[PDB]
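Heads up, the chain below is alone and in the form deposited in one PDB entry; it's given as structure tokens.
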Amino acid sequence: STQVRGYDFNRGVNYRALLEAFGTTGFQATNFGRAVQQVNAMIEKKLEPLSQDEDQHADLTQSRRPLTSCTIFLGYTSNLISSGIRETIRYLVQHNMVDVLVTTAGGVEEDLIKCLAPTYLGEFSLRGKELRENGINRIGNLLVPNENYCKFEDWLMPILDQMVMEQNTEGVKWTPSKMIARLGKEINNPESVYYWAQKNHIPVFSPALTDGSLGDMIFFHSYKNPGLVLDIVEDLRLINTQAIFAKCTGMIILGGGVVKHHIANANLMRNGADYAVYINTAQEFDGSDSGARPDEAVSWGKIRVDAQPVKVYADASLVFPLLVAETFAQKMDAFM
């Protein structure tokens, strides 16, 4: 039995000790401590060597990425890529610390656009009428000028031309994940999440990739250069095979919606993830999958019965950099 006790600032500001004290502080601070333990378990598993038997089974995929003892799925909503958590995610992907990414369309395009033009701080209360009259789009307390999307249009249209030509003359069958790899290669910029994902052979799934600015541009482009196809069925096979042939899996899911369900549903194909951490502000009472507790996923087989999953009820812009500081960033040497 562990007693409740908070950090005593009479010791001074010892930041590592202060973070470690969240575990015995209670409420969501304790869940944060549990999340640190869960992610550290994923990492310690990932760094354990594969045995001959495990290596054989795990090599049964047609994937370029070297195999590890724990395949980590990282999911995040679009708002987090507009936020500075974009830098946190880029770091993990840059250093091969996660294996599969799932995000929404905005979570793809806003990373690429930040390589062309920045996002700014604003306020939640700013009025839409005056913002619209000035061509400024609001995302929470952030602001994106519409010229950001003008710049995106100029950058993206020549790539769309090439994708259609490769489709029609070289037999390419595009899917969202293949498009995202190509866009990351094109952006060719070390500040971009998707640049590092394609460089490190980390696939990115986004089955509703048309639901944003990328879609806007594909739509306009289709009138002068018709026929681009994005198949979502092949990408479903690809993500499910990453779960089925994993030795162990971990899920780290920031936010709700499709990013959460799609990762969890892939792990149901292996009868459940071994480790799971959720960070989101959704509540269960309306029955939404977004707000469901991890124990709902256990009933489905999306999380194993013997797992000890954790949800932290918090804005990930506060908690996720602290989690990374106490986990992945402490083992950076092992990932290089």
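Note that the rigid core is defined as the largest set of C-alphas that superpose within 1.5 Å between two forms. We number the residues from 1 along the sequence you see.
We do not show the form deposited in another entry, though everything after this point is about it.
When the two forms are overlaid on the rigid core, CA displacement between the shown form and the other one of 2 Å or more is confined, within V193, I180, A264, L254, to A264. Once you line up the core between the shown form and the other one, the Cα of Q308 ends up 2 Å or more from where it was. Compared with the form shown, the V312-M269 C-alpha separation increases in the other form, the change being 3 Å or greater. Closer approach of the C-alpha atoms of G257 and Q38, by 3 angstroms or more, is seen in the other form than in the present form.
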